[PDB]
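Novice: What follows is a single structure, and I will ask about it in a moment.
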Amino acid sequence: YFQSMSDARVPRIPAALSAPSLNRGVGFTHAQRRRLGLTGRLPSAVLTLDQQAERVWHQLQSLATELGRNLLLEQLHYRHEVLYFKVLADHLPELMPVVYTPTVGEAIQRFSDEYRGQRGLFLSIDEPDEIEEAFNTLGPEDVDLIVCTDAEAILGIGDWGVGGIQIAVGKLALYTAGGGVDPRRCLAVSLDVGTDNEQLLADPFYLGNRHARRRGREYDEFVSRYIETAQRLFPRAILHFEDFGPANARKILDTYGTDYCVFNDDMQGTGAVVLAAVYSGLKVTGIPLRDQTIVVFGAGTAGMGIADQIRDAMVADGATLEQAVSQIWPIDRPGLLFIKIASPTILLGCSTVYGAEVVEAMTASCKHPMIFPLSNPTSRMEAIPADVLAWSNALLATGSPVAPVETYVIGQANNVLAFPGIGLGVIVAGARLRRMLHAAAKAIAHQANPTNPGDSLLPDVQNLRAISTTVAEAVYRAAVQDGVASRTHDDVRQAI
Amino acid sequence: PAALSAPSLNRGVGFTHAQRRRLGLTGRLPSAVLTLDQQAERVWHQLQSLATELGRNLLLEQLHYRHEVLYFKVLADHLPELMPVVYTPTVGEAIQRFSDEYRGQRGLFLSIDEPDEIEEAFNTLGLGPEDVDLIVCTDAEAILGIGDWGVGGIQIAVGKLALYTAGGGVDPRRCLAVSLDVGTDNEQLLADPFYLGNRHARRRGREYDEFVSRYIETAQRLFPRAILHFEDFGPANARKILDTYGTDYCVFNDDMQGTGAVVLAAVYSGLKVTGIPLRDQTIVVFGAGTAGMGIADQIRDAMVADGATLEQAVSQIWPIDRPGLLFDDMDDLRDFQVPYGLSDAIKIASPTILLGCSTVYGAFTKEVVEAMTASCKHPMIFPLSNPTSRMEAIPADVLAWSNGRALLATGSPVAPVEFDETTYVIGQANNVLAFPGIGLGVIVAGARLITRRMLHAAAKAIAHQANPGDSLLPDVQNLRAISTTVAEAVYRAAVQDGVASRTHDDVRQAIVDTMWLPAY
């Protein structure tokens with residue numbers, strides 16, 4: 001009655017290739033297959049790894065759109081992991097950003113019906129009060145970083161919910177390719193807390209938390225229960241997740257930023273790359289931040305939050321906390337000043353979608369030329385594209401992915417450059433948990449070389465991971481120079 | 001460390017709240033429970049928002065080995081897949097576009113350069129010599145109508161696998177596929193450095209003969225009664241196999257026999273209206289090639305059933321070619337001797353029901369049909385040409401040329417005629433009407449031989465299932481019911497000349513018509 005077992009059911013077993021790690025496709029030679037008992041199950045060819053990846057690449061260009069390619073790499077994440085990851089060497093800048101921001105919105109909305117975030121713990125908060133039992137299926141050693149998005153505000157679109165894993169996996173997938181963190185040493189997770197657009201809820205095949213876009217005072221301690229049951233396991237792992245920047249980010253960071261090693265890239269990593277662009281401009285301009293005053297158009301959470309970033313960055317070469325308000329100028333949040341008659345040495349741009357009919361005022365006045373818009377959605381801001389923005393025709397780069405002007409070539413600024421080197425040094429030093437901590441963006445200037453007057457003015461070229469290694473050399477110094485850590489290594493640390 | 005990853009024993013979300021906790025998953029799957037029909041409705045709704053010209057096949061192959069039971073649930077609910085999703089686009093896409101890609105969890109490849117490891121290769125999976133059925137191996141030569149694809153040939157067999165168990169209730173647990181990599185000759189594949197197969201050329205010698213001879217004998221040795229059949233495979237090799245090894249082993253050929261079956265089925269479908277005994281059915285063959293004679297051999301093999309000698313039946317057949325009807329004293333008779341202008345042939349032959357598997361685009365002319373139309377009141381046209389737009393004629397004009405008094409059947413899917421007096425029917429005549437049920441019935445009988453009579457009762461069981469729109473052959477939508485109707489006739493014919501391991505009263509086709517796509 002209770003037990004039903006048979007003497008006849010057989011799966012026609014697959015052997016030692018169902019696990020993704022070291023599947024390596026046909027990269028097995030005759031000695032390896034006949035050792036692992038694959039005699040006759042792989043196609044009887046032999047392909048070197050780099051030739052095998054190219055076979056996927058020539059395969060990958062045969063697709064036209066950018067979404068069907070994500071479905072193909074989704075097929076190769078579960079089988080032959082190294083290909084999916086060592087393909088990125090063949091073309092990383094195009095593919096890996098495309099994996100992250102443009103394609104996921106179409107993948108998560110239209111196709112995130114996959115129930116295979118394998119490393120993902122799609123934990124609910126309604127029935128599951130016991131959540132640590134999930135890790136029993138997954139020790140404290142050999143674990144470096146972990147992502148746990150609540151899936152509340154994706155870039156293209158916020159609040160889809162259960163599909164937030166593809167994002168958390170996307171950060172991890174981009175984490176390792178940029179930072180070299182072993183994929184075995186990272187886990188992905190996303191809590192279906194709700195945060196559901198009624199469109200997503202109305203879908204019958206949603207496969208997520210049912211009608212539970214739930215908030216209030218109960219929210220934080222539910223997340224706090226998870227954040228304390230992670231550090232109970234290991235404070236030696238970076239819980240690097242992505243949520244909306246509005247309220248939880250600072251509240252969680254204020255709650256756990258001192259005692260634990262947690263951060264978010266959007267509010268912390270982005271301003272670092274902005275500081276790298278400021279120093280990259282000051283190198284050719286020769287005007288330090290002391291005599292350089294800034295504007296913060298929009299006064300957004302990340303924008304006005306950068307006031308503490310620029311101020312504490314000026315603490316190295318600049319005056320006290322009161323001096324920042326005199327050297328910084330906020331505007332455009334309530335329609336301030338119904339705009340700059342002085343101090344224009346470094347201009348930020350719109351934290352708001354409003355695109356601004358050019359204002360050649362900064363072009364005319366005496367200054368070191370440095371203005372950037374820094375907003376992706378409208379593909380415009382207080383300044384137009386750099387060509388029209390070059391009304392004076394000096395250099396300026398955009399946070400929006402832009403093309404060169406033409407000679408007059410800049411590169412796009414992205415926070416993708418920061419959080420690999422940020423977490424890599426933490427995976428190296430084993431940090432338990434400031435601006436002086438986060439001050440690794442100066443290494444981008446070490447690899448920028450904007451010394452050429454006209455050609456290169458961007459942070460760094462996208463096809464190089466060696467800039468992340470140079471950030472590690474700047475990040476590892478956080479142990480001796482910046483505070484608490486567990487770093488004892490030599491300067492080389494070639495294979496961490 | 002993800003436990004319980006076997007496709008057959010995984011149901012995705014379908015596992016209830018208890019099984020998710022009892023089997024040690026503890027929330028890795030989302031907080032939903034979906035009835036397997038709801039999961040199929042989700043996949044169906046998901047599949048449609050795509051390119052759907054070969055976009056789907058990418059999604060299905062990952063869904064194949066990620067979740068085995070669902071795939072047949074969604075594939076059960078189909079009229080599009082039976083040919084478009086997995087009998088054309090694999091050739092169009094998967095065979096060539098994804099040749100540097102592998103799907104070989106179940107099924108295996110071997111090489112003509114290594115005859116030694118097969119028996120060590122076959123036992124890679126835990127295979128009981130008892131529990132197996134319908135293992136398929138193809139050399140990828142002449143797949144459909146394109147040519148050699150090398151080691152891609154699995155996508156055909158694995159595709160046929162999807163049609164076997166969804167059509168004939170075979171258990172994929174007891175089913176395997178194979179690929180005989182003997183070396184391709186397509187210049188592209190060899191030039192392509194990223195082709196995951198043998199770079200050698202075709203081999204046609206005693207090495208090949210000893211190879212297949214040392215592969216078939218161990219296929220039955222390691223496990224007997226396994227229905228060995230080769231799909232879209234070299235005919236000069238194919239016919240050679242059946243004459244050589246078919247006397248003491250269970251083998252059939254979809255290219256040569258299942259086609260010859262369904263063609264037979266359509267002949268009786270007209271005979272129900274023609275009111276004529278099949279013995280005196282004089283026909284003309286168009287192919288005279290390697291394959292067109294095979295269906296002619298099966299038709300002749302059934303022509304004797306109603307009382308025709310060997311000499312009279314071949315006299316009741318005229319083969320035709322564009323040089324002319326195959327004749328005696330023609331120096332190049334091409335090693336076939338049932339022979340002894342076309343418009344002149346139909347004139348005096350007066351064939352009541354003529355077919356052509358010869359691929360010649362649109363050679364049926366209004367003057368040709370009229371000669372048969374005037375001579376015989378109800379003639380049966382059969383442009384069996386599989387290519388969609390390379391058939392011998394369009395049906396709508398042929399019915400209009402004979403004033404609907406003629407019968408048609410098409411290899412490729414077609415729309416109804418709609419000759420404005422009355423609307424007729426399709427006449428789809430693929431192989432899917434035959435081999436799944438011939439697989440299920442022979443799994444029930446456990447026949448050591450798949451005899452001619454056994455094949456004939458299958459086609460003439462098809463006739464009852466669809467008989468007097470004016471359809472000669474049934475609709476593919478109602479496939480799981482006709483597969484039972486053909487297994488009853490297979491068992492009925494298995495017991496003639498005592499060939500069945502098993503015996504039963506026949507209330508247990510449904511118990512061996514298993515892998516009903518739902519769970520529990």
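All residue names refer to the structure tokens as shown: chains lettered A, B, ... in order, residues numbered from 1 in each chain, ligands numbered from 1 in order.
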Any idea what's packed within 12 Å of residue B:457, counting only C-alpha atoms, ignoring anything in its chain fewer than 3 positions away? Could you give it as number ranges by chain?

Specialist: B: 261-262, 264-265, 268, 302, 305, 434, 437-438, 441, 450-454, 460-464, 485-494, 496

Novice: Using only C-alpha atoms and a distance of at most 8 Å, pull out the residues of chain A that contact chain B, as a PyMOL selection string.

Specialist: chain A and resi 8-15+18+25-26+37-47+51-52+55-56+59+62+68+71-72+75+110-111+115-124+133-134+137-138+162+205+207-210

Novice: Would you put the residues from that selection into a file with C-alpha atoms, as an mmCIF file, in the first residue's frame?

Specialist:
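Once written, selection_9.cif looks like this:
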```cif
data_model
loop_
_atom_site.group_PDB
_atom_site.id
_atom_site.type_symbol
_atom_site.label_atom_id
_atom_site.label_comp_id
_atom_site.auth_asym_id
_atom_site.auth_seq_id
_atom_site.Cartn_x
_atom_site.Cartn_y
_atom_site.Cartn_z
ATOM 1 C CA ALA A 8 11.746 -3.624 -14.372
ATOM 2 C CA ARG A 9 12.172 0.177 -14.597
ATOM 3 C CA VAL A 10 15.424 1.282 -16.265
ATOM 4 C CA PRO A 11 16.555 4.776 -17.382
ATOM 5 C CA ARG A 12 19.121 3.503 -19.932
ATOM 6 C CA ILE A 13 21.618 5.301 -17.740
ATOM 7 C CA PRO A 14 23.682 8.297 -18.863
ATOM 8 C CA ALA A 15 27.112 8.308 -17.252
ATOM 9 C CA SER A 18 24.943 14.843 -16.982
ATOM 10 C CA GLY A 25 31.771 18.231 -24.968
ATOM 11 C CA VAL A 26 33.892 16.297 -27.453
ATOM 12 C CA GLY A 37 32.673 4.826 -20.097
ATOM 13 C CA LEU A 38 31.547 7.087 -22.937
ATOM 14 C CA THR A 39 32.657 4.575 -25.597
ATOM 15 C CA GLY A 40 30.407 5.351 -28.537
ATOM 16 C CA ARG A 41 28.226 8.017 -26.937
ATOM 17 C CA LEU A 42 30.181 11.070 -28.006
ATOM 18 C CA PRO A 43 30.356 11.722 -31.750
ATOM 19 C CA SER A 44 33.738 9.968 -32.232
ATOM 20 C CA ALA A 45 35.410 13.268 -33.127
ATOM 21 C CA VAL A 46 38.097 15.153 -31.205
ATOM 22 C CA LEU A 47 37.975 18.943 -30.886
ATOM 23 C CA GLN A 51 38.032 25.072 -31.817
ATOM 24 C CA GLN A 52 34.963 23.754 -29.980
ATOM 25 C CA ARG A 55 32.061 25.893 -33.518
ATOM 26 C CA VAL A 56 29.487 27.414 -31.166
ATOM 27 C CA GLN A 59 26.752 28.518 -34.825
ATOM 28 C CA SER A 62 23.772 31.911 -37.725
ATOM 29 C CA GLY A 68 17.251 33.178 -29.696
ATOM 30 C CA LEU A 71 18.025 30.427 -25.504
ATOM 31 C CA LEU A 72 21.059 28.706 -27.037
ATOM 32 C CA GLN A 75 21.067 25.217 -23.437
ATOM 33 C CA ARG A 110 8.630 36.013 -22.917
ATOM 34 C CA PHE A 111 10.672 32.924 -22.000
ATOM 35 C CA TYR A 115 12.132 25.836 -13.947
ATOM 36 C CA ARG A 116 15.917 25.389 -14.128
ATOM 37 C CA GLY A 117 17.766 27.905 -12.093
ATOM 38 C CA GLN A 118 19.702 24.865 -10.905
ATOM 39 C CA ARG A 119 22.080 26.703 -8.585
ATOM 40 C CA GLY A 120 19.107 28.961 -7.868
ATOM 41 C CA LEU A 121 17.125 28.658 -4.649
ATOM 42 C CA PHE A 122 13.731 30.038 -5.721
ATOM 43 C CA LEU A 123 12.603 30.289 -2.113
ATOM 44 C CA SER A 124 9.152 31.553 -1.158
ATOM 45 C CA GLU A 133 17.262 23.342 4.609
ATOM 46 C CA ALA A 134 17.548 24.292 0.927
ATOM 47 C CA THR A 137 20.857 20.141 -1.212
ATOM 48 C CA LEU A 138 23.803 22.373 -2.159
ATOM 49 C CA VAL A 162 9.996 34.491 -10.268
ATOM 50 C CA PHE A 205 1.533 30.113 -16.319
ATOM 51 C CA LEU A 207 5.152 29.816 -11.861
ATOM 52 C CA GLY A 208 5.843 32.050 -8.888
ATOM 53 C CA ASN A 209 4.441 33.525 -5.705
ATOM 54 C CA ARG A 210 0.679 33.892 -6.119
#
```

Novice: Hey, can you check how far atom CA of residue B:324 sits from atom CA of residue B:282?

Specialist: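 For atom CA of residue B:324 relative to atom CA of residue B:282, the distance reads 18.0 Å.
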
Novice: Name the residues in contact with residue A:244 at a cut-off of 9 Å, using only C-alpha atoms, excluding same-chain residues fewer than 2 positions from it; report them as a list in words.

Specialist: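 The residues that qualify are residues 150, 151, 152, 153, 154, 158, 242, 246, 247, 248, 249 and 266 of chain A.
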
Novice: With N, CA and C atoms kept, could you save the residues just selected as a short mmCIF file (atom, residue, chain, number, x, y, z; two decimals), in the first residue's frame?

Specialist:
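The result, stored in again-v8.cif:
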```cif
data_model
loop_
_atom_site.label_atom_id
_atom_site.label_comp_id
_atom_site.auth_asym_id
_atom_site.auth_seq_id
_atom_site.Cartn_x
_atom_site.Cartn_y
_atom_site.Cartn_z
N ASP A 150 15.73 40.33 -5.11
CA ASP A 150 14.29 40.22 -4.90
C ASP A 150 13.51 40.45 -6.19
N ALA A 151 14.20 40.72 -7.29
CA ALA A 151 13.61 40.83 -8.63
C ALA A 151 12.64 42.00 -8.73
N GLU A 152 12.90 43.07 -8.01
CA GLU A 152 11.92 44.13 -7.87
C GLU A 152 12.01 45.19 -8.96
N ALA A 153 13.21 45.51 -9.46
CA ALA A 153 13.34 46.53 -10.50
C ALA A 153 14.47 46.13 -11.44
N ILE A 154 14.13 45.32 -12.45
CA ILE A 154 15.04 45.09 -13.56
C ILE A 154 15.17 46.37 -14.38
N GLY A 158 10.69 46.76 -14.16
CA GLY A 158 10.72 46.23 -12.82
C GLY A 158 9.74 45.09 -12.61
N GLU A 242 20.84 42.50 -6.28
CA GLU A 242 20.32 43.66 -6.99
C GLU A 242 18.84 43.81 -6.67
N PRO A 246 15.52 52.38 -4.55
CA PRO A 246 14.71 53.37 -3.82
C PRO A 246 14.85 53.31 -2.30
N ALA A 247 14.46 52.18 -1.69
CA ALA A 247 14.37 52.14 -0.23
C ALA A 247 15.18 51.00 0.39
N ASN A 248 15.06 49.79 -0.17
CA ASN A 248 15.72 48.64 0.44
C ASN A 248 17.24 48.76 0.40
N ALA A 249 17.78 49.26 -0.71
CA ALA A 249 19.23 49.28 -0.91
C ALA A 249 19.95 49.94 0.26
N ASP A 266 24.45 49.04 -8.39
CA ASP A 266 23.78 50.21 -8.95
C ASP A 266 24.03 51.46 -8.12
#
```

Novice: Could you tell me how far atom CA of residue B:258 sits from atom CA of residue B:443, in Å to one decimal place?

Specialist: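 Interatomic distance, atom CA of residue B:443 to atom CA of residue B:258: 16.4 Å.
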
Novice: Can you pull out every residue within 8 Å of residue A:83, counting only C-alpha atoms, but drop anything in the same chain fewer than 2 positions away, and send it as a ChimeraX atom specification?

Specialist: /A:24,49,52-53,76,80-81,85-87

Novice: Compile a residue-level contact table for stretch 230-344 of chain B against stretch 205-214 of chain B at a cut-off of 10 Å, reporting for every qualifying residue the shortest atom pair and its distance in Å to one decimal, with only C-alpha atoms counted, rows ordered by chain and ascending number, as JSON lines.

Specialist:
```
{"residue": "B:237", "atom": "CA", "partner": "B:209", "partner_atom": "CA", "distance": 9.3}
{"residue": "B:241", "atom": "CA", "partner": "B:212", "partner_atom": "CA", "distance": 9.0}
{"residue": "B:244", "atom": "CA", "partner": "B:213", "partner_atom": "CA", "distance": 9.7}
{"residue": "B:245", "atom": "CA", "partner": "B:213", "partner_atom": "CA", "distance": 8.6}
```

Novice: In Å to one decimal, how far is atom CA of residue A:98 from atom CA of residue A:463?

Specialist: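 Going from atom CA of residue A:463 over to atom CA of residue A:98, I get 13.8 Å.
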
Novice: I want to know what sits within 9 Å of stretch 297-310 of chain A, based on only C-alpha atoms, with residues of the same chain fewer than 4 positions away left out; could you give that as a PyMOL selection string?

Specialist: chain A and resi 245-246+266-268+270-272+274-275+289+314-315+324-325+328-335+347-352+373+382+435

Novice: Enumerate, as an MDAnalysis selection string, the complete set of residues in stretch 188-401 of chain B that a backbone-based DSSP assignment places in alpha helix (DSSP H).

Specialist: chainID B and resid 188:191 206:222 235:245 259:274 292:303 310:315 342:349 366:375 395:401

Novice: Give me the residues near stretch 414-426 of chain B as a CSV table (one decimal) with N, CA, C and O atoms, in the first residue's frame, where near means some atom within 8 Å (using only C-alpha atoms) and where sequence neighbours in that chain fewer than 6 positions away do not count.

Specialist:
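selection-v2.csv written:
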```
chain,number,residue,atom,x,y,z
B,395,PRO,N,-3.2,18.5,-57.1
B,395,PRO,CA,-4.5,17.7,-57.0
B,395,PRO,C,-5.7,18.5,-57.6
B,395,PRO,O,-6.5,17.9,-58.3
B,396,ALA,N,-5.8,19.8,-57.4
B,396,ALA,CA,-7.0,20.5,-57.8
B,396,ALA,C,-7.2,20.4,-59.3
B,396,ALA,O,-8.4,20.3,-59.7
B,399,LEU,N,-8.2,16.6,-60.4
B,399,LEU,CA,-9.6,16.3,-60.2
B,399,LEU,C,-10.5,17.0,-61.2
B,399,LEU,O,-11.5,16.5,-61.7
B,400,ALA,N,-10.1,18.2,-61.5
B,400,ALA,CA,-10.8,19.0,-62.6
B,400,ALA,C,-10.6,18.4,-64.0
B,400,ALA,O,-11.5,18.6,-64.8
B,404,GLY,N,-13.3,15.1,-61.3
B,404,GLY,CA,-13.4,14.5,-60.0
B,404,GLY,C,-13.5,13.0,-60.0
B,404,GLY,O,-13.5,12.4,-58.9
B,469,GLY,N,-14.8,13.2,-45.8
B,469,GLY,CA,-14.8,13.4,-47.2
B,469,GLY,C,-14.4,12.1,-48.0
B,469,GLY,O,-14.6,11.0,-47.5
B,470,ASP,N,-13.9,12.3,-49.2
B,470,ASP,CA,-13.4,11.1,-50.0
B,470,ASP,C,-12.0,10.7,-49.7
B,470,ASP,O,-11.3,10.4,-50.6
B,471,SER,N,-11.6,10.8,-48.5
B,471,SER,CA,-10.2,10.5,-48.1
B,471,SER,C,-9.9,9.1,-48.3
B,471,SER,O,-10.6,8.2,-47.8
B,473,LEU,N,-6.8,7.9,-47.3
B,473,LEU,CA,-6.0,7.7,-46.1
B,473,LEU,C,-6.5,8.6,-44.9
B,473,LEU,O,-7.0,9.7,-45.2
```
